[PDB]
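Take a look at the following structure, please.
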Amino acid sequence: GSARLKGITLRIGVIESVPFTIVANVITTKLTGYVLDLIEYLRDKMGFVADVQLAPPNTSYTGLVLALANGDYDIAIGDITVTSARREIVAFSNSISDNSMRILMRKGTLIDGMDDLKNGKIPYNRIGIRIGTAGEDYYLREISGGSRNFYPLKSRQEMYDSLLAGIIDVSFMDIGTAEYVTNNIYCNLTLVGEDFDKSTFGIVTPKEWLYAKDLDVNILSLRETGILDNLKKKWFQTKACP
Amino acid sequence: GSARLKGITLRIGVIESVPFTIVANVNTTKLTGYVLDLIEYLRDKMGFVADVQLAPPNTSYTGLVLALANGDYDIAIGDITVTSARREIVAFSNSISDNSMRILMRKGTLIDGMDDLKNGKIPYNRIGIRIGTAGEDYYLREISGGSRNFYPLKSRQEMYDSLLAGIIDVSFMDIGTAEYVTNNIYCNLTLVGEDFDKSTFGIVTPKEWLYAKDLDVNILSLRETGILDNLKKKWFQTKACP
Ligand SMILES: [Cl-]
Ligand SMILES: [Cl-]
Ligand SMILES: [Cl-]
Ligand SMILES: [Cl-]
Ligand SMILES: [Cl-]
Ligand SMILES: [Cl-]
């Protein structure tokens, strides 16, 4: 069957990723960003009580999915890529955004694009990969013939710190946040090559979820009426770096 | 409540739209195109028995969705836009393609983009709109404030004919097929303006369908292994017009 979310409390998993979900320390934590604004649009229209729960530090995206599958959250909202391995254990809403990935490196590194990685120009152990992300999936399929020979990374912060310190030469990142971070935070990091792994982001729900239709109709309505476009402009259309 | 499709017969509704579903006579009917290739890729991986059924000639896209909801088909595969209104009555698989629309017109027409339709450079009735398509919903929301005052079209053929005859000055068309037709068939028609109504195509299924996960996981696997990209290149790269 099916029902509406009105009056229901949803434990909503979120995961730190600027400017999707921005975590500020205050003297407690305040969450802002595209995700929190999206949650408000949905709450206002649908009438659920939002119980927003930030994932622990260093939680990977597959870890968030596994946590929801284990019953730790009711839904999860974020820059979460829809993948076949994830779809085996959870459902996803209609997509909230297209997505693709780019190659991230320190300025001055001599890499022209993905061919350099596939042709063995970079030592595999100097390609940094955040485990439990779709980038890892792409790496294992396309680069290393299934071997985990990358330099493993536990978070975006470790990725940035490692590139800046010359511990790794390159990594992969979703295009939205990659543009955001290189245009606003790390002016000495840059993106190179064509984008790859065209994909989508979706809200994670339980499989065969009672509330699947209600959520999907609402997301599609936000898409159709331009609310998702507005939110994307609000949070992403900014550049600080010279 | 879930099951695998192996050995199950699926009645698969398809709808004429070159080069997704291409219909040829000789008396018998042959179907080819992206959709038919996709069915074969899915059939090979999933092991269902395909009973492919072409929708009757005058069938609209909304008509196809309603027919499925009525039980006339088990799934429908095509260039079928996922919309909030359709999601009320059917479910959709994970997307097989991104989509957006463009304005179609005769070459030489002095239209810069959507503003000229919104400003009134063109009477509302100089705009041809195919009934029962996502384009109709866009027109009613963004152009006419709900008024059904466009020039009504029953098929793509009526659209092309009416533009070529000076009866309408513009229509709307999904970008993949609009590019194909203006690049290979109607060399004197063209596209203008920014794309609009960013959306997705999905396979139509019943709501709360037993087989949802099996189909979704397989679609995503085709996405990840490059098969969807391959199919798109195969059927859409051509440009016959000088
Ligand atoms: Cl979708
Ligand atoms: Cl990423
Ligand atoms: Cl499911
Ligand atoms: Cl999707
Ligand atoms: Cl169309
Ligand atoms: Cl449903």
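Every residue, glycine among them, receives a Cβ derived from its backbone with ideal geometry; neighbour counts consider all protein chains shown. All of this is worked out from the model, or read from it or from the source named; these are not laboratory values.
With B:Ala55, B:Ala85 as the choices, which residue is under 30 Å from B:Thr182 (Cβ atoms) and surrounded by 16 or more Cβ atoms within 10 Å (Cβ to Cβ)? Give the derivation first.
Numbers: B:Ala85 fails: surrounded by 16 or more Cβ atoms within 10 Å (Cβ to Cβ).
Residue meeting the stated conditions: B:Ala55.
For the stretch A:115-134: of the residues being of a type in the set (A, V, I, L, M) and in a helix (DSSP H, G or I), which is farthest from ligand 5 (Cβ to nearest atom)?
A:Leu117
Something else now. Quick check on B:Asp137: is it among the acidic types (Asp, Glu) and assigned to a strand (DSSP E or B)?
Judged against the criteria, B:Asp137 is not a match.
What single numbered condition from (1) more than 16 Å from ligand 4 (Cβ to nearest atom); (2) surrounded by fewer than 16 Cβ atoms within 10 Å (Cβ to Cβ); (3) within 14 Å of another protein chain (Cβ to nearest Cβ) fails to hold for B:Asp229?
Result: B:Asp229 fails condition (1) only.
Taking B:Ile22 as the residue in question, decide whether it is more than 18 Å from B:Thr205 (Cα to Cα), surrounded by 16 or more Cβ atoms within 10 Å (Cβ to Cβ) and not assigned by CATH to the domain that holds B:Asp229.
Values: more than 18 Å from B:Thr205 (Cα to Cα): yes; surrounded by 16 or more Cβ atoms within 10 Å (Cβ to Cβ): yes; not assigned by CATH to the domain that holds B:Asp229: no.
Here the answer is no, as B:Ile22 does not meet what is asked.
Would you confirm, using the coordinates I've provided, whether A:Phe236 is surrounded by fewer than 20 Cβ atoms within 10 Å (Cβ to Cβ), within 16 Å of ligand 2 (Cβ to nearest atom), under 28 Å from A:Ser93 (Cβ atoms) and not assigned by CATH to the domain that holds A:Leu38?
Spelling it out, it is not the case that A:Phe236 is surrounded by fewer than 20 Cβ atoms within 10 Å (Cβ to Cβ), within 16 Å of ligand 2 (Cβ to nearest atom), under 28 Å from A:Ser93 (Cβ atoms) and not assigned by CATH to the domain that holds A:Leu38.
Somewhere in the stretch A:193-210, is a residue at the interface with chain B (Cβ under 8 Å from one of its Cβ atoms), within 16 Å of ligand 6 (Cβ to nearest atom), among the hydroxyl-bearing types (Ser, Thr, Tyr) and at negative phi?
No, because not a single residue in the stretch A:193-210 is at the interface with chain B (Cβ under 8 Å from one of its Cβ atoms), within 16 Å of ligand 6 (Cβ to nearest atom), among the hydroxyl-bearing types (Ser, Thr, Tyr) and at negative phi.
The conditions are (1) at positive phi; (2) more than 16 Å from ligand 2 (Cβ to nearest atom), and A:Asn58 fails exactly one of them. Which is it?
A:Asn58 satisfies all of (1) at positive phi; (2) more than 16 Å from ligand 2 (Cβ to nearest atom) except (2).
Then there's this: Report whether or not A:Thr182 is among the β-branched types (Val, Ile, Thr), out of contact with any strand residue (DSSP E or B) (no Cβ under 6 Å at 6 or more places or on another chain) and in the same structural domain as A:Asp112 (by CATH).
no
Identify the residue in the stretch A:91-148 that is hydroxyl-bearing (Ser, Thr, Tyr) and over 17 Å from A:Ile175 (Cβ atoms) and, among all such residues, is nearest to the other protein chains (Cβ to nearest Cβ). Spell out how you get there, then give the answer.
Here is the first cut: in the stretch A:91-148, the ones hydroxyl-bearing (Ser, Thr, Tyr) are A:93, A:95, A:97, A:100, A:109, A:124, A:133, A:138-139, A:144, A:147.
Subsequent filtering for residues that are over 17 Å from A:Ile175 (Cβ atoms) retains A:93, A:109, A:124, A:144, A:147.
Numbers: A:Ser93: 10, A:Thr109: 27, A:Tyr124: 21, A:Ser144: 15, A:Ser147: 18 Å.
Per the criteria, the residue is A:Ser93.
Looking at (1) more than 16 Å from ligand 1 (Cβ to nearest atom); (2) in contact with a strand residue (DSSP E or B) (Cβ under 8 Å, 6 or more places away or on another chain); (3) farther than 19 Å from A:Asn99 by Cβ; (4) assigned to a helix (DSSP H, G or I), which one does B:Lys232 not meet, given that it meets all the others?
The single condition B:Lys232 does not satisfy is (3).
Out of the residues in the stretch B:189-200 meeting the condition of being surrounded by 21 or more Cβ atoms within 10 Å (Cβ to Cβ) and either within 14 Å of ligand 1 (Cβ to nearest atom) or not assigned by CATH to the domain that holds B:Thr177 (or both), tell me which one is farthest from B:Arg87 (Cα to Cα). Break it down into steps so the answer makes sense when it comes.
Taking the stretch B:189-200 first, the residues surrounded by 21 or more Cβ atoms within 10 Å (Cβ to Cβ) are B:189, B:197, B:199-200.
Now narrow it down to the ones that are either within 14 Å of ligand 1 (Cβ to nearest atom) or not assigned by CATH to the domain that holds B:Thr177 (or both): B:197, B:199-200.
On the way: B:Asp197: 17, B:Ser199: 13, B:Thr200: 13 Å.
Filtering first and then ranking leaves B:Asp197.
When only residues in the stretch A:98-117 that are of a type in the set (S, T, N, Q) and surrounded by fewer than 19 Cβ atoms within 10 Å (Cβ to Cβ) count, which is nearest to ligand 3 (Cβ to nearest atom)? Outline the logic, then answer.
Pass one, the stretch A:98-117, residues of a type in the set (S, T, N, Q): A:99-100, A:109.
Keeping just the survivors that are surrounded by fewer than 19 Cβ atoms within 10 Å (Cβ to Cβ) gives A:100, A:109.
Values: A:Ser100: 26, A:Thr109: 43 Å.
Among them, the one singled out is A:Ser100.
Condition check: crowded, with 16+ Cβ neighbours inside 10 Å and farther than 28 Å from B:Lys207 by Cβ. Does A:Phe48 satisfy that?
Values: crowded, with 16+ Cβ neighbours inside 10 Å: yes; farther than 28 Å from B:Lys207 by Cβ: no.
Taking the combined requirement at face value, the residue does not satisfy it.
I'm told B:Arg148 meets every condition in (1) under 27 Å from B:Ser97 (Cα atoms); (2) in a loop (DSSP other than H, G, I, E, B) except one. Can you identify the failing condition by its number?
Just one mismatch for B:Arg148, condition (1).
A follow-up question, please. Between residues in the stretch A:165-185 that are closer than 19 Å to A:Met114 by Cα and assigned to a strand (DSSP E or B) and residues that are within 16 Å of ligand 1 (Cβ to nearest atom) and of a type in the set (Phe, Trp, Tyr), which pairs lie under 6 Å by C-beta distance while being six or more apart or on different chains?
Note: no pairs meet the criteria.
Of all residues in the stretch B:167-221, how many are among the acidic types (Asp, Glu) and within 19 Å of A:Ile219 (Cβ to Cβ)?
Here the count works out to 3.
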